[PDB]
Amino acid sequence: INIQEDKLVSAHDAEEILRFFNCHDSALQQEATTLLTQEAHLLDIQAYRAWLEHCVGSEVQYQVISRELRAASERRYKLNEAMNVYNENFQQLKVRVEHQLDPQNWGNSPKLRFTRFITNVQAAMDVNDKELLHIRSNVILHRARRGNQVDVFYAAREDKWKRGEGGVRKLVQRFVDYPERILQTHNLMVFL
């Protein structure tokens, strides 16, 4: 991809493509699929403590941004391009998990229902850090509550996973650039 020719493509996106088009390790794509499916299962059943213990690295950055709408031709205005819907370290994720599990979280009664659909899994080892696994995947996340509330979230996830305690591969970075600028889901209080 030449971004001078493919005018709509960002430098970042072009860099991420390059990562997966090179070495294709089919066994790695399969491992990544398993990892993400198990992660999604733990989240769907609201096993948030198990998710932290089994899926999330101590050095994690868990980040979801919302990018301000700017002109395609904009070249002068240079103030903060995005805000962080999430930008969490492990302790901040733990706070959110405790908030979910608190018996006085009134919004969690009656119990919520989550269903996640993970697709388009791609995986590649980092060139320089042979222990760093890049995983890309897309998620549809369905949240249902209180009879007739239904919220559906859609996103692409750029992950880095690394082997931690016990040799278990854990999430050390998740980056999502959320595609909808104005949320129509009441909130983004879900783990993408």
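The first residue of the sequence shown is number 1, and the count goes up from there.
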For the higher mean C-alpha B factor in the entry, choose 6-14 or 174-182.
6-14
If you average the CA temperature factors over each stretch, which comes out higher, 126-134 or 65-73?
126-134
Could you say which of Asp151, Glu158, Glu53, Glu39 has its CA atom at the highest B factor, as listed in the PDB entry?
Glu53
B-factor third for the C-alpha atom of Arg143 within its chain
lowest
So, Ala27's CA B-factor, relative to its chain, sits in which third? The highest
For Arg113, the third of its chain into which the C-alpha B factor falls
lowest
Is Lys94 in the lowest, middle or highest third of its chain when residues are ranked by C-alpha B-factor?
middle
